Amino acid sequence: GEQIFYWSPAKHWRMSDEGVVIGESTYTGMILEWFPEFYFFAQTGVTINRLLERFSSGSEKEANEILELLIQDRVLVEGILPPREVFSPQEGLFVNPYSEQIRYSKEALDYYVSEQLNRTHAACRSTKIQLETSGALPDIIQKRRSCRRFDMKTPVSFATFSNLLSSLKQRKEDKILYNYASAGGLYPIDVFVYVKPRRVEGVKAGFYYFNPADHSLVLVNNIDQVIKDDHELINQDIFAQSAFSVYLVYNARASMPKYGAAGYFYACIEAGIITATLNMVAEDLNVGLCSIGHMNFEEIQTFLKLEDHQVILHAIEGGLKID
(Lines of atoms letter the chains of each structure in order from A and count residues from 1; the text may use other names and numbers.)
(Lines give C-alpha, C1' and ligand atoms only; values in the text may rest on other atoms or scores of the structure.)
Protein backbone atom coordinates (compact mmCIF):
# COMPACT_ATOMS: atom_id res chain seq x y z
CA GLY A 1 0.00 0.00 0.00
CA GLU A 2 2.16 2.83 1.35
CA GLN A 3 5.88 3.05 0.55
CA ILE A 4 8.38 2.19 3.29
CA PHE A 5 11.74 3.98 3.28
CA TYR A 6 15.04 3.08 4.97
CA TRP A 7 18.09 5.18 5.71
CA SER A 8 20.53 4.22 2.99
CA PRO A 9 23.47 2.19 4.33
CA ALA A 10 25.63 4.05 1.82
CA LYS A 11 24.92 7.41 3.52
CA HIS A 12 26.87 8.70 6.51
CA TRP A 13 26.37 12.03 8.22
CA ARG A 14 28.01 14.76 10.23
CA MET A 15 27.06 18.05 11.80
CA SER A 16 28.26 21.36 10.40
CA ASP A 17 28.02 25.05 11.05
CA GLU A 18 25.95 25.14 7.83
CA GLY A 19 23.72 22.22 8.69
CA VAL A 20 23.62 18.45 8.53
CA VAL A 21 25.99 16.83 6.04
CA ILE A 22 24.63 13.60 4.56
CA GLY A 23 26.71 12.02 1.86
CA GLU A 24 28.37 14.75 -0.14
CA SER A 25 25.62 17.32 0.54
CA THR A 26 24.75 19.75 3.35
CA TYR A 27 21.07 20.17 4.30
CA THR A 28 19.41 23.09 6.06
CA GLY A 29 16.27 24.22 7.88
CA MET A 30 13.98 22.03 10.02
CA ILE A 31 16.22 19.02 9.57
CA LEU A 32 18.83 20.35 12.00
CA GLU A 33 16.40 19.85 14.92
CA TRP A 34 15.40 16.39 13.68
CA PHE A 35 18.87 14.90 14.28
CA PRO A 36 20.08 12.63 15.73
CA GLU A 37 16.67 11.06 16.23
CA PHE A 38 15.89 11.15 12.49
CA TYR A 39 18.85 8.84 11.74
CA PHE A 40 17.85 6.32 14.40
CA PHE A 41 14.16 6.41 13.35
CA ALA A 42 14.80 6.03 9.62
CA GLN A 43 16.91 2.88 9.97
CA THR A 44 13.88 0.88 11.18
CA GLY A 45 11.81 1.32 8.01
CA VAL A 46 9.20 4.08 8.14
CA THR A 47 6.57 5.63 5.92
CA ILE A 48 6.41 9.27 4.89
CA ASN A 49 3.35 9.81 7.07
CA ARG A 50 5.01 8.33 10.15
CA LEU A 51 8.01 10.57 9.50
CA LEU A 52 5.76 13.62 9.28
CA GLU A 53 3.77 12.65 12.37
CA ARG A 54 7.03 12.20 14.29
CA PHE A 55 8.95 15.31 13.09
CA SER A 56 6.62 17.80 11.28
CA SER A 57 5.74 20.05 14.24
CA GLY A 58 5.61 23.18 12.09
CA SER A 59 5.37 23.87 8.37
CA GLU A 60 4.15 20.58 6.91
CA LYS A 61 4.99 22.04 3.47
CA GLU A 62 8.56 22.69 4.66
CA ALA A 63 8.88 19.15 5.96
CA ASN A 64 7.67 17.47 2.77
CA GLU A 65 10.24 19.58 0.91
CA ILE A 66 13.20 18.17 2.78
CA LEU A 67 11.82 14.62 2.69
CA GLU A 68 11.21 14.93 -1.04
CA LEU A 69 14.89 15.91 -1.30
CA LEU A 70 16.20 13.06 0.83
CA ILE A 71 14.38 10.65 -1.48
CA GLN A 72 15.64 12.49 -4.57
CA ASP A 73 19.17 12.38 -3.10
CA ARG A 74 18.81 8.66 -2.22
CA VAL A 75 19.21 9.14 1.52
CA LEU A 76 15.82 7.38 1.91
CA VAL A 77 15.41 4.28 -0.28
CA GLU A 78 12.76 1.57 -0.83
CA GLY A 79 14.84 -1.56 -1.51
CA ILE A 80 18.30 -2.94 -2.08
CA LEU A 81 20.81 -0.45 -3.43
CA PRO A 82 22.09 -0.76 -7.01
CA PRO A 83 25.81 -1.67 -7.27
CA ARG A 84 27.10 1.90 -7.75
CA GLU A 85 25.63 2.88 -4.37
CA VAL A 86 26.70 -0.35 -2.64
CA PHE A 87 30.33 0.35 -3.43
CA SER A 88 30.48 4.17 -3.33
CA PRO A 89 31.61 4.36 0.36
CA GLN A 90 34.77 2.48 -0.41
CA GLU A 91 36.27 5.65 -1.94
CA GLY A 92 36.59 7.03 1.58
CA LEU A 93 38.77 4.11 2.67
CA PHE A 94 41.18 3.80 -0.25
CA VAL A 95 44.26 6.01 0.06
CA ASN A 96 45.31 6.80 -3.49
CA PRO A 97 49.10 7.07 -4.04
CA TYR A 98 48.75 8.23 -7.66
CA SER A 99 47.75 11.65 -8.89
CA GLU A 100 44.17 12.36 -9.87
CA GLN A 101 45.60 13.42 -13.29
CA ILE A 102 45.40 9.77 -14.34
CA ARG A 103 41.70 10.37 -15.12
CA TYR A 104 42.24 13.66 -17.07
CA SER A 105 45.20 12.82 -19.36
CA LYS A 106 45.40 10.02 -21.95
CA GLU A 107 49.17 10.27 -21.45
CA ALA A 108 49.05 9.99 -17.67
CA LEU A 109 46.58 7.12 -18.08
CA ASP A 110 48.56 5.23 -20.72
CA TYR A 111 51.39 5.31 -18.17
CA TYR A 112 49.35 4.18 -15.13
CA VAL A 113 48.13 1.21 -17.18
CA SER A 114 51.54 0.00 -18.30
CA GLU A 115 52.66 0.29 -14.67
CA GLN A 116 49.69 -1.78 -13.41
CA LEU A 117 50.19 -4.41 -16.06
CA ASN A 118 53.79 -4.86 -14.91
CA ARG A 119 52.92 -4.94 -11.21
CA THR A 120 53.96 -7.66 -8.81
CA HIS A 121 52.97 -8.71 -5.32
CA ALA A 122 55.12 -7.00 -2.73
CA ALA A 123 55.54 -10.11 -0.53
CA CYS A 124 57.27 -12.21 -3.16
CA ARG A 125 60.34 -14.25 -2.41
CA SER A 126 63.23 -14.76 -4.84
CA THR A 127 61.98 -18.12 -6.13
CA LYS A 128 60.16 -18.62 -9.44
CA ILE A 129 58.55 -21.45 -11.39
CA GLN A 130 58.47 -20.65 -15.12
CA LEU A 131 55.39 -22.27 -16.67
CA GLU A 132 55.20 -23.79 -20.15
CA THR A 133 53.97 -21.24 -22.70
CA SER A 134 53.62 -23.99 -25.32
CA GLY A 135 50.10 -25.24 -24.64
CA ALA A 136 47.26 -24.60 -27.07
CA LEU A 137 44.10 -22.79 -25.98
CA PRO A 138 40.62 -22.82 -27.60
CA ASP A 139 40.27 -20.30 -30.41
CA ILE A 140 36.92 -19.05 -29.16
CA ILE A 141 38.86 -17.93 -26.07
CA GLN A 142 42.13 -16.69 -27.54
CA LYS A 143 40.64 -14.72 -30.46
CA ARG A 144 37.84 -13.04 -28.45
CA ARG A 145 38.13 -9.25 -28.48
CA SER A 146 35.91 -6.40 -27.35
CA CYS A 147 34.01 -5.55 -30.53
CA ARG A 148 33.04 -1.88 -30.94
CA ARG A 149 32.14 -1.73 -34.66
CA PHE A 150 29.28 -3.83 -36.06
CA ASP A 151 27.55 -4.61 -39.34
CA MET A 152 24.64 -2.16 -39.12
CA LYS A 153 22.95 -3.44 -42.28
CA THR A 154 22.95 -7.26 -42.12
CA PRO A 155 20.41 -8.52 -39.54
CA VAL A 156 21.49 -11.05 -36.96
CA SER A 157 19.85 -14.22 -38.23
CA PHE A 158 17.18 -15.67 -35.98
CA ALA A 159 19.24 -18.86 -35.76
CA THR A 160 22.44 -17.10 -34.71
CA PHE A 161 20.53 -15.09 -32.11
CA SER A 162 18.69 -18.19 -30.89
CA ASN A 163 21.99 -20.08 -30.67
CA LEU A 164 23.65 -17.28 -28.73
CA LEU A 165 20.93 -17.18 -26.11
CA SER A 166 20.78 -20.97 -25.70
CA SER A 167 24.01 -20.53 -23.73
CA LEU A 168 21.75 -19.04 -21.03
CA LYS A 169 18.87 -21.47 -21.27
CA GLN A 170 17.92 -24.39 -19.07
CA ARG A 171 18.25 -28.06 -20.02
CA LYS A 172 15.96 -30.66 -18.40
CA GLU A 173 18.15 -33.78 -17.99
CA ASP A 174 17.30 -35.74 -14.78
CA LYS A 175 17.65 -32.31 -13.03
CA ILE A 176 17.59 -28.72 -14.41
CA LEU A 177 21.02 -27.62 -15.72
CA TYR A 178 22.59 -24.49 -17.14
CA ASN A 179 25.79 -24.03 -19.16
CA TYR A 180 27.40 -21.91 -16.44
CA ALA A 181 27.89 -22.03 -12.69
CA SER A 182 25.80 -20.27 -10.03
CA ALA A 183 26.03 -20.10 -6.23
CA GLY A 184 23.44 -22.47 -4.79
CA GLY A 185 22.36 -23.28 -8.34
CA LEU A 186 19.75 -20.54 -7.85
CA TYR A 187 20.54 -18.71 -11.14
CA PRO A 188 19.20 -15.37 -9.78
CA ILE A 189 20.24 -13.28 -12.80
CA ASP A 190 17.21 -12.24 -14.84
CA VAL A 191 18.29 -11.66 -18.44
CA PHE A 192 16.72 -8.92 -20.53
CA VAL A 193 17.39 -7.80 -24.10
CA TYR A 194 16.74 -4.62 -26.02
CA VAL A 195 16.59 -5.21 -29.77
CA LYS A 196 16.97 -2.35 -32.22
CA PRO A 197 14.54 -2.08 -35.16
CA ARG A 198 15.33 -4.24 -38.22
CA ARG A 199 18.59 -5.51 -36.69
CA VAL A 200 17.64 -9.04 -35.61
CA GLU A 201 15.72 -11.34 -37.97
CA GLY A 202 12.48 -12.44 -36.32
CA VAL A 203 12.54 -10.02 -33.34
CA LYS A 204 10.60 -6.72 -33.35
CA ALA A 205 12.29 -3.79 -31.63
CA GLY A 206 11.68 -3.63 -27.91
CA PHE A 207 12.67 -4.77 -24.46
CA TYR A 208 12.29 -8.47 -23.73
CA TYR A 209 12.66 -10.77 -20.77
CA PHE A 210 14.62 -13.90 -21.67
CA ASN A 211 12.88 -16.90 -20.10
CA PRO A 212 15.54 -19.64 -19.65
CA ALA A 213 12.94 -22.32 -18.93
CA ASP A 214 11.21 -21.92 -22.32
CA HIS A 215 14.16 -20.53 -24.30
CA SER A 216 11.86 -17.66 -25.29
CA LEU A 217 11.78 -13.89 -25.40
CA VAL A 218 8.74 -12.38 -23.66
CA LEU A 219 7.82 -8.81 -24.47
CA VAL A 220 8.13 -6.27 -21.66
CA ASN A 221 8.08 -2.88 -23.44
CA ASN A 222 7.69 -1.95 -27.13
CA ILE A 223 6.86 1.73 -26.42
CA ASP A 224 10.19 3.02 -25.05
CA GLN A 225 13.61 2.71 -26.61
CA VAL A 226 17.21 3.07 -25.63
CA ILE A 227 19.00 6.13 -27.02
CA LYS A 228 22.60 7.36 -27.18
CA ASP A 229 22.05 9.86 -24.32
CA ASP A 230 21.45 6.83 -22.07
CA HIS A 231 25.09 5.93 -22.57
CA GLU A 232 28.29 7.43 -21.29
CA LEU A 233 29.87 9.60 -23.97
CA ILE A 234 32.73 7.14 -24.54
CA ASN A 235 30.19 4.41 -25.43
CA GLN A 236 27.62 6.20 -27.51
CA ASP A 237 29.01 5.11 -30.87
CA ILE A 238 29.26 1.54 -29.57
CA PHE A 239 25.58 1.61 -28.76
CA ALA A 240 24.71 3.39 -32.02
CA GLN A 241 26.20 0.50 -34.00
CA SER A 242 25.02 -2.41 -31.88
CA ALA A 243 22.13 -4.63 -32.94
CA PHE A 244 20.95 -5.46 -29.42
CA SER A 245 21.76 -4.78 -25.75
CA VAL A 246 21.83 -7.43 -23.02
CA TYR A 247 21.01 -6.46 -19.42
CA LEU A 248 21.96 -8.67 -16.49
CA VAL A 249 19.62 -8.09 -13.53
CA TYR A 250 19.94 -9.45 -10.01
CA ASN A 251 16.68 -10.84 -8.61
CA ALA A 252 17.28 -10.57 -4.86
CA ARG A 253 14.24 -12.82 -4.33
CA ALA A 254 16.06 -15.62 -6.13
CA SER A 255 19.08 -15.48 -3.78
CA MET A 256 18.90 -13.46 -0.55
CA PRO A 257 16.23 -15.74 1.02
CA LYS A 258 19.01 -18.35 1.08
CA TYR A 259 22.34 -16.50 1.17
CA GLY A 260 21.43 -13.08 2.59
CA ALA A 261 23.51 -10.19 1.31
CA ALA A 262 26.26 -12.64 0.18
CA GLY A 263 23.94 -13.73 -2.61
CA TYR A 264 24.08 -10.27 -4.10
CA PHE A 265 27.85 -10.47 -4.03
CA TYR A 266 27.68 -13.94 -5.61
CA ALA A 267 25.36 -12.54 -8.30
CA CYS A 268 28.00 -9.95 -9.18
CA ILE A 269 30.46 -12.78 -9.77
CA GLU A 270 27.76 -14.72 -11.66
CA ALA A 271 27.27 -11.70 -13.92
CA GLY A 272 30.90 -12.10 -15.01
CA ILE A 273 30.47 -15.83 -15.56
CA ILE A 274 27.47 -15.11 -17.79
CA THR A 275 29.30 -12.39 -19.73
CA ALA A 276 32.28 -14.69 -20.33
CA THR A 277 30.08 -17.64 -21.28
CA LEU A 278 28.12 -15.53 -23.74
CA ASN A 279 31.26 -13.91 -25.12
CA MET A 280 32.62 -17.40 -26.02
CA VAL A 281 29.50 -18.62 -27.83
CA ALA A 282 29.50 -15.26 -29.62
CA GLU A 283 33.01 -15.78 -31.00
CA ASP A 284 31.87 -19.19 -32.26
CA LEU A 285 29.05 -17.51 -34.20
CA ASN A 286 31.05 -14.46 -35.45
CA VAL A 287 29.01 -12.21 -33.15
CA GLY A 288 30.89 -9.41 -31.42
CA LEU A 289 30.17 -8.19 -27.91
CA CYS A 290 31.35 -5.30 -25.73
CA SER A 291 30.74 -4.99 -22.00
CA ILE A 292 29.40 -1.68 -20.74
CA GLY A 293 30.36 -0.77 -17.21
CA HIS A 294 28.00 2.13 -16.75
CA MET A 295 24.92 3.59 -18.43
CA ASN A 296 21.77 5.42 -17.32
CA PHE A 297 20.49 2.36 -15.48
CA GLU A 298 17.92 4.53 -13.69
CA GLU A 299 16.13 4.79 -17.08
CA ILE A 300 16.69 1.20 -18.22
CA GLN A 301 15.32 -0.06 -14.90
CA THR A 302 12.12 1.87 -15.61
CA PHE A 303 11.88 0.59 -19.18
CA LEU A 304 12.26 -2.99 -17.91
CA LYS A 305 9.54 -2.36 -15.27
CA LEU A 306 11.75 -3.73 -12.51
CA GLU A 307 10.63 -4.12 -8.93
CA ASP A 308 12.32 -3.15 -5.67
CA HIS A 309 14.01 -6.56 -5.55
CA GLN A 310 15.66 -6.27 -8.99
CA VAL A 311 18.73 -4.17 -9.87
CA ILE A 312 20.77 -3.92 -13.06
CA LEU A 313 24.33 -5.21 -12.67
CA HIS A 314 25.88 -5.12 -16.12
CA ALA A 315 25.19 -4.43 -19.77
CA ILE A 316 26.48 -5.81 -23.05
CA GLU A 317 26.19 -4.50 -26.61
CA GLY A 318 26.22 -7.04 -29.41
CA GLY A 319 25.87 -7.49 -33.13
CA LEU A 320 27.45 -8.99 -36.21
CA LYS A 321 31.12 -8.25 -36.78
CA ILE A 322 32.18 -6.25 -39.86
CA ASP A 323 33.56 -8.39 -42.73
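When you see a residue number, it is the position in the sequence shown, counting from 1.
Student: For the stretches 1 to 9 and 313 to 321, which has the higher mean C-alpha B-factor as given in the deposited record?
Tutor: If you average the C-alpha B-factors of 1 to 9 and of 313 to 321, the larger mean comes out for 1 to 9.
Student: Out of 55 to 63 and 42 to 50, which one has CA B-factors that are higher on average in the deposited record?
Tutor: Stretch with the greater average CA B-factor: 55 to 63.
Student: Go through 266, 35, 27, 259 one by one and give the residue whose Cα B-factor in the PDB entry is largest.
Tutor: Reading the PDB entry, the winner on C-alpha B-factor is 35.
Student: By the CA temperature factor listed in this entry, which of these ranks top: 184, 138, 82, 89?
Tutor: By C-alpha B-factor in the record, 138 ranks first.
Student: Of the three thirds of its chain by CA temperature factor, lowest, middle or highest, which one includes residue 20?
Tutor: Residue 20: CA B-factor falls in the middle third of its chain.
Student: Within this chain, which third does the Cα B-factor at residue 296 fall in: lowest, middle or highest?
Tutor: For residue 296, whose C-alpha B-factor we compare with every modelled residue in the chain, the answer is the middle third.
Student: Going by the CA temperature factor in the PDB record, which third of the chain does residue 68 belong to: lowest, middle or highest?
Tutor: CA B-factor rank for residue 68: middle third.
Student: Taking the C-alpha B-factors as the PDB entry records them, is residue 197 in the lowest, middle or highest third of its chain?
Tutor: For residue 197, the deposited C-alpha B-factor lands in the highest third.
Student: Comparing against every modelled residue in the chain, figure out the third that the C-alpha B-factor of residue 98 lands in (lowest, middle or highest).
Tutor: Answer is highest: the recorded C-alpha B-factor places it there.
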